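Analysis of the macromolecular model
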Amino acid sequence: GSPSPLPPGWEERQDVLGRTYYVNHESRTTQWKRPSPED
(Lines give C-alpha, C1' and ligand atoms only; values in the text may rest on other atoms or scores of the structure.)
Protein backbone atom coordinates (compact mmCIF):
# COMPACT_ATOMS: atom_id res chain seq x y z
CA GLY A 1 0.00 0.00 0.00
CA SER A 2 1.23 3.46 -0.95
CA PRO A 3 0.04 6.86 0.38
CA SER A 4 -1.59 8.79 -2.45
CA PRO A 5 -2.52 12.43 -1.68
CA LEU A 6 -6.09 12.20 -2.95
CA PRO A 7 -9.45 13.84 -2.07
CA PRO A 8 -11.26 12.41 1.01
CA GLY A 9 -12.82 9.06 0.31
CA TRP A 10 -10.81 8.49 -2.85
CA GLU A 11 -8.34 5.63 -3.21
CA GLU A 12 -6.06 4.43 -6.00
CA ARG A 13 -6.93 0.90 -7.11
CA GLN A 14 -6.40 -1.56 -9.91
CA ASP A 15 -8.30 -4.57 -11.15
CA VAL A 16 -6.86 -7.83 -12.48
CA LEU A 17 -6.63 -6.21 -15.92
CA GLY A 18 -4.11 -3.68 -14.66
CA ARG A 19 -5.93 -0.55 -15.67
CA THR A 20 -5.51 1.65 -12.65
CA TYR A 21 -8.98 2.77 -11.63
CA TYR A 22 -9.76 4.81 -8.50
CA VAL A 23 -12.82 4.55 -6.30
CA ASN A 24 -14.52 6.83 -3.78
CA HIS A 25 -15.93 5.02 -0.74
CA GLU A 26 -18.77 7.55 -0.40
CA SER A 27 -20.69 7.07 -3.65
CA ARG A 28 -18.55 4.18 -4.91
CA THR A 29 -17.73 6.31 -7.94
CA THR A 30 -14.92 4.75 -9.94
CA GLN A 31 -12.56 6.71 -12.18
CA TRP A 32 -9.91 5.63 -14.67
CA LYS A 33 -8.04 8.88 -14.15
CA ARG A 34 -7.06 10.94 -11.12
CA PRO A 35 -9.80 12.85 -9.28
CA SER A 36 -9.38 16.60 -9.47
CA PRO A 37 -9.02 18.26 -6.01
CA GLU A 38 -12.46 19.81 -6.47
CA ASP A 39 -14.09 18.08 -3.53
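Here, every reference points to the structure presented above.
Conventions and cut-offs
Residues numbered from 1 in each chain as written, not as in the entry; some residues may be left out. Heavy atoms only, no water. Helix = DSSP H or I, 4+ residues; strand = E, 2+ residues; numbered from the N terminus. Polar contact = N/O pair within 3.5 Å; in protein donor to acceptor, adjacent residues only side chain to side chain. Contact = heavy atoms within 4.5 Å. Pairing = 2+ DSSP bridges. Salt bridge = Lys/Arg side-chain N within 4 Å of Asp/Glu carboxyl O.

As a further point, take the side chain of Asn-24. Take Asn-24: it is sitting in strand β2 (residues 20-24). At 2.8 Å, the side chain of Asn-24 and the backbone nitrogen of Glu-26 are in polar contact. The contact partners of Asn-24, leaving out residues within four places of it in the chain, are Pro-8, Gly-9, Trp-10 and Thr-29.

Within the open sheet, the three strands sit side by side as β1-β2-β3. Their pairing is antiparallel. For this open sheet the edge positions go to β1 (10-14) and β3 (30-31), each flanked by a neighbour on one side alone.

Turning to the pattern of salt bridges, a few remarks are in order. This structure, assessed with the given rule, holds two salt bridges. A salt bridge links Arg-13 to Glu-11; the shortest N-O distance between them is 2.6 Å. In this structure, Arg-19 engages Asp-15 in a salt bridge whose closest nitrogen and oxygen atoms are separated by 2.6 Å.

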